[PDB]
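S.K.: I am attaching a structure below and will ask some questions about it afterwards.
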Protein chains: 2
Amino acid sequence: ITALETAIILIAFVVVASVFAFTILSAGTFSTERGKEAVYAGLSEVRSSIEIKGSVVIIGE
Amino acid sequence: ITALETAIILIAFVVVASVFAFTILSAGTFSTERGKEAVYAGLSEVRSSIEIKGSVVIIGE
């Protein structure tokens with residue numbers, strides 16, 4: 001459980017994990033944020049309908 | 001070390017999720033169409049009646 005050459009090796013893995021962690025954070029932020037406009041967009045369509053009102057009139061020339 | 005494997009398992013689930021998402025996307029469209037025809041078919045049947053006007057006449061040989 002004791003060695004000196006392990007010093008170089010341990011530095012390699014901690015760097016890789018840190019870089020990998022960085023990518024996950026950025027990817028997670030992008031992924032989660034795409035989620036929210038999907039629901040925000042969805043509420044818009046169901047609300048946006050219009051309706052005809054009155055009676056239709058036709059004019060002859 | 002642990003960073004390397006978690007990449008592989010991560011890719012596995014996103015692919016399964018996407019494939020399931022595509023299938024559940026594809027299936028939802030089909031079910032929607034069938035429900036639409038039922039309403040159209042039902043309305044047409046109710047409005048297709050026929051009456052009888054006048055008397056009934058017998059011609060004797």
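Numbering starts fresh at 1 for the residues of each chain in the structure tokens, the chains themselves are lettered A, B, ... in the order given, and ligands are numbered from 1 as they appear.
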Taking only C-alpha atoms into account, report as number ranges by chain which residues of chain A lie within 10 Å of chain B.

M.R.: A: 12-14, 16-21

S.K.: On all C-alpha atoms matched in order, how well does chain B superpose onto chain A? Give the RMSD in Å.

M.R.: 1.8 Å

S.K.: Determine which residues of chain B receive a DSSP assignment of helix (DSSP H, G or I), computed from the backbone, and state them as a compact mmCIF listing (two decimals) with N, CA, C and O atoms, in the first residue's frame.

M.R.:
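Saved as out_10.txt:
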# COMPACT_ATOMS: atom_id res chain seq x y z
N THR B 2 -12.43 4.29 -13.19
CA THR B 2 -13.89 4.25 -13.14
C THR B 2 -14.52 5.14 -14.19
O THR B 2 -15.65 4.89 -14.62
N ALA B 3 -13.81 6.18 -14.63
CA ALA B 3 -14.37 7.08 -15.64
C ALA B 3 -14.61 6.35 -16.96
O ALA B 3 -15.63 6.57 -17.62
N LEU B 4 -13.68 5.47 -17.35
CA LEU B 4 -13.74 4.87 -18.68
C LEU B 4 -15.00 4.04 -18.86
O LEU B 4 -15.70 4.17 -19.87
N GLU B 5 -15.32 3.17 -17.90
CA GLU B 5 -16.46 2.28 -18.06
C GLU B 5 -17.77 3.06 -18.08
O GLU B 5 -18.62 2.82 -18.94
N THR B 6 -17.92 4.03 -17.17
CA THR B 6 -19.18 4.74 -17.06
C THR B 6 -19.57 5.41 -18.37
O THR B 6 -20.75 5.65 -18.62
N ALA B 7 -18.59 5.72 -19.22
CA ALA B 7 -18.91 6.20 -20.56
C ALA B 7 -19.68 5.15 -21.34
O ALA B 7 -20.69 5.46 -21.99
N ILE B 8 -19.25 3.89 -21.27
CA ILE B 8 -19.86 2.84 -22.07
C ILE B 8 -21.28 2.56 -21.60
O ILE B 8 -22.21 2.47 -22.40
N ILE B 9 -21.47 2.42 -20.28
CA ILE B 9 -22.81 2.18 -19.76
C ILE B 9 -23.72 3.37 -20.06
O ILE B 9 -24.91 3.20 -20.33
N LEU B 10 -23.17 4.58 -20.01
CA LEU B 10 -23.96 5.77 -20.33
C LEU B 10 -24.51 5.69 -21.75
O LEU B 10 -25.70 5.96 -21.98
N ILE B 11 -23.66 5.32 -22.71
CA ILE B 11 -24.10 5.25 -24.10
C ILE B 11 -25.18 4.20 -24.26
O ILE B 11 -26.10 4.34 -25.08
N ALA B 12 -25.09 3.11 -23.49
CA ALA B 12 -26.05 2.03 -23.64
C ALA B 12 -27.47 2.50 -23.35
O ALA B 12 -28.39 2.25 -24.14
N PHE B 13 -27.67 3.20 -22.23
CA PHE B 13 -29.03 3.57 -21.85
C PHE B 13 -29.63 4.63 -22.76
O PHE B 13 -30.83 4.60 -23.04
N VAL B 14 -28.83 5.58 -23.23
CA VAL B 14 -29.38 6.64 -24.08
C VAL B 14 -29.89 6.05 -25.39
O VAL B 14 -30.92 6.47 -25.92
N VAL B 15 -29.18 5.05 -25.91
CA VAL B 15 -29.63 4.39 -27.14
C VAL B 15 -30.95 3.68 -26.91
O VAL B 15 -31.88 3.79 -27.72
N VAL B 16 -31.06 2.94 -25.81
CA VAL B 16 -32.31 2.25 -25.50
C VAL B 16 -33.43 3.26 -25.32
O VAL B 16 -34.56 3.05 -25.78
N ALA B 17 -33.15 4.36 -24.63
CA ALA B 17 -34.16 5.40 -24.45
C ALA B 17 -34.61 5.97 -25.78
O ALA B 17 -35.81 6.15 -26.02
N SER B 18 -33.66 6.26 -26.67
CA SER B 18 -34.01 6.82 -27.97
C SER B 18 -34.85 5.84 -28.78
O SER B 18 -35.87 6.22 -29.37
N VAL B 19 -34.44 4.57 -28.81
CA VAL B 19 -35.19 3.57 -29.57
C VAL B 19 -36.59 3.41 -29.00
O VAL B 19 -37.58 3.33 -29.74
N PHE B 20 -36.71 3.36 -27.67
CA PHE B 20 -38.03 3.33 -27.06
C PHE B 20 -38.80 4.61 -27.38
O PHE B 20 -40.01 4.57 -27.63
N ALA B 21 -38.11 5.75 -27.38
CA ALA B 21 -38.76 7.00 -27.71
C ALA B 21 -39.28 6.99 -29.14
O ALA B 21 -40.41 7.44 -29.40
N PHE B 22 -38.49 6.48 -30.07
CA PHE B 22 -38.94 6.43 -31.46
C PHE B 22 -40.15 5.53 -31.60
O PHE B 22 -41.10 5.87 -32.31
N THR B 23 -40.13 4.37 -30.95
CA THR B 23 -41.26 3.46 -31.04
C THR B 23 -42.51 4.07 -30.43
O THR B 23 -43.60 4.00 -31.02
N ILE B 24 -42.39 4.68 -29.25
CA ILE B 24 -43.54 5.31 -28.64
C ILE B 24 -43.95 6.55 -29.42
O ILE B 24 -45.11 6.96 -29.36
N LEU B 25 -43.02 7.17 -30.15
CA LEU B 25 -43.42 8.24 -31.06
C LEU B 25 -44.23 7.67 -32.21
O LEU B 25 -45.31 8.18 -32.54
N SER B 26 -43.73 6.60 -32.83
CA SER B 26 -44.38 6.03 -34.00
C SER B 26 -45.78 5.52 -33.65
O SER B 26 -46.72 5.70 -34.43
N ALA B 27 -45.93 4.88 -32.49
CA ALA B 27 -47.20 4.25 -32.14
C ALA B 27 -48.27 5.28 -31.83
O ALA B 27 -49.45 5.06 -32.11
N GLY B 28 -47.88 6.41 -31.22
CA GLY B 28 -48.87 7.40 -30.84
C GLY B 28 -49.60 7.98 -32.04
O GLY B 28 -50.79 8.29 -31.96
N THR B 29 -48.90 8.14 -33.16
CA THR B 29 -49.54 8.67 -34.36
C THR B 29 -50.63 7.73 -34.87
O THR B 29 -51.71 8.18 -35.24
N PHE B 30 -50.35 6.42 -34.88
CA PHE B 30 -51.33 5.47 -35.39
C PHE B 30 -52.61 5.51 -34.57
O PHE B 30 -53.71 5.55 -35.13
N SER B 31 -52.48 5.49 -33.25
CA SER B 31 -53.66 5.47 -32.39
C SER B 31 -54.50 6.72 -32.58
O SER B 31 -55.73 6.67 -32.54
N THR B 32 -53.84 7.86 -32.79
CA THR B 32 -54.57 9.10 -32.99
C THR B 32 -55.42 9.05 -34.25
O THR B 32 -56.58 9.49 -34.24
N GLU B 33 -54.87 8.50 -35.33
CA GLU B 33 -55.61 8.43 -36.59
C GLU B 33 -56.88 7.61 -36.44
O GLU B 33 -57.95 8.01 -36.92
N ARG B 34 -56.78 6.45 -35.78
CA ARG B 34 -57.93 5.56 -35.68
C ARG B 34 -59.06 6.21 -34.91
O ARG B 34 -60.24 6.07 -35.28
N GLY B 35 -58.74 6.94 -33.84
CA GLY B 35 -59.77 7.64 -33.11
C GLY B 35 -60.48 8.68 -33.94
O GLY B 35 -61.67 8.92 -33.76
N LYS B 36 -59.76 9.31 -34.87
CA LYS B 36 -60.38 10.33 -35.71
C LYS B 36 -61.43 9.73 -36.63
O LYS B 36 -62.51 10.30 -36.79
N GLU B 37 -61.13 8.58 -37.25
CA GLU B 37 -62.07 7.99 -38.18
C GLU B 37 -63.37 7.60 -37.49
O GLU B 37 -64.45 7.68 -38.09
N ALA B 38 -63.28 7.16 -36.23
CA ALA B 38 -64.47 6.72 -35.53
C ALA B 38 -65.50 7.83 -35.42
O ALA B 38 -66.70 7.61 -35.63
N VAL B 39 -65.05 9.05 -35.11
CA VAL B 39 -65.97 10.17 -35.02
C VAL B 39 -66.57 10.48 -36.38
O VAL B 39 -67.78 10.72 -36.50
N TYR B 40 -65.74 10.50 -37.42
CA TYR B 40 -66.25 10.80 -38.75
C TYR B 40 -67.24 9.73 -39.21
O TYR B 40 -68.30 10.05 -39.75
N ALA B 41 -66.91 8.46 -38.98
CA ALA B 41 -67.81 7.39 -39.38
C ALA B 41 -69.13 7.46 -38.63
O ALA B 41 -70.20 7.25 -39.21
N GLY B 42 -69.07 7.75 -37.33
CA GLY B 42 -70.29 7.81 -36.55
C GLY B 42 -71.23 8.90 -37.02
O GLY B 42 -72.44 8.69 -37.11
N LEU B 43 -70.69 10.08 -37.34
CA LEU B 43 -71.53 11.19 -37.75
C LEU B 43 -72.24 10.90 -39.06
O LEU B 43 -73.41 11.25 -39.23
N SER B 44 -71.55 10.26 -40.00
CA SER B 44 -72.15 10.01 -41.31
C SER B 44 -73.35 9.09 -41.20
O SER B 44 -74.35 9.27 -41.91
N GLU B 45 -73.27 8.08 -40.33
CA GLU B 45 -74.36 7.11 -40.24
C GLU B 45 -75.65 7.76 -39.75
O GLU B 45 -76.73 7.41 -40.22
N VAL B 46 -75.55 8.69 -38.81
CA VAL B 46 -76.75 9.25 -38.20
C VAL B 46 -77.54 10.09 -39.19
O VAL B 46 -78.76 10.24 -39.05
